[PDB]
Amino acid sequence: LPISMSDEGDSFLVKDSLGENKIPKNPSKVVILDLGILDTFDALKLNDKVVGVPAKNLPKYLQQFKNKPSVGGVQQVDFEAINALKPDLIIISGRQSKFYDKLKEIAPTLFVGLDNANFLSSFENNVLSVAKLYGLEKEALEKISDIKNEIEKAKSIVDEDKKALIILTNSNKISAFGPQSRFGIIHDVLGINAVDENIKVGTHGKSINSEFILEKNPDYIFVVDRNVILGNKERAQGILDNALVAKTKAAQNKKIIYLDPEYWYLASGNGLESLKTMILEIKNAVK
């Protein structure tokens, strides 16, 4: 399940949860489909190694890669474009696991998935494995260290009594997420208590309504509005403007927090800088 690597010696033999690859050291033509690992290449000064990115889903904080060749979107993967580039490495996360075999035909394909049950250790493993390919472990370890310090700063101001609910909105549907989920970092790493520790659910969450939100009466509601990533004009603010949500402590104290979906939904948690931004976003909403 974690990435492991043996040096031998112009290359690494690399094993991860999807399979095995010989990856050359210092690859010079890397197609990156995980946006977080893309941010990490920037933080490690490896921008020139990147030859393909998913320009259809390129967020505001990664616009320094806007000039790179497109390999489509995180879901709409453009295989002909990837093949045309003749990359020496393709890096993917969970969203492209269904395309593994076709990708691995083109070139070695490294899986940098984030484990929702073990976010930090998978994050470190992902970043260090990538850094190892380039002999950059020292630099990566220093930046991981900074992230851990940001985590400690954020934890330090968390109000132990208060509780949060995490929701996703899509069209007019609300779904809920708790510990060990795709947004679990809020509870599992930053220490914010859940209104319901037992939601323990999947990729697009547990169906709920406003009645459920009032019943839980969260002090904080963290909202990931998926409509923004695609078709509005529906917006979480609209969905949540009703008398049930309005009675809630979160609504009353203006602690309905609209998290930037270009980080939370697109899931750039592998990024040495984007993960920091996400941590500060949570810290600043609760401090």
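Under this definition, the rigid core comprises the largest set of C-alpha atoms superposing within 1.5 Å between the forms. Note that residue numbering follows the sequence shown and begins at 1.
Between 88 to 96 and 194 to 202, the larger root mean square Cα shift in 5 other deposited structures of this protein, once each structure is superposed on the rigid core, falls on 194 to 202. In a rigid core superposition of the other structures in 5 other deposited structures of this protein, 203 to 211 and 118 to 126 differ in how far their CA atoms stray, and the farther one is 203 to 211. As listed in the deposited structure, the average C-alpha B-factor of 214 to 222 and of 228 to 236 is greater for 228 to 236. Here 154 to 162 and 126 to 134 are compared by their mean Cα B-factor, and 154 to 162 comes out higher. Going by the entry's values, 206 shows the largest Cα B-factor out of 148, 86, 187, 206. Reading the B-factor column for the CA atoms of 42, 48, 260, 241 in the entry, the top value corresponds to 241. When all modelled residues of the chain are sorted by CA temperature factor, residue 55 is found within the middle third. Sorting the modelled residues of the chain by their CA temperature factor places residue 112 in the lowest third. Residue 12 sits in the highest third of its chain by CA B factor, as recorded in the PDB entry. Among the modelled residues of its chain, residue 286 has a C-alpha B-factor that falls in the middle third, as given in the PDB entry. Compared with the other modelled residues of the chain, the Cα B-factor recorded for residue 29 ranks in the lowest third.
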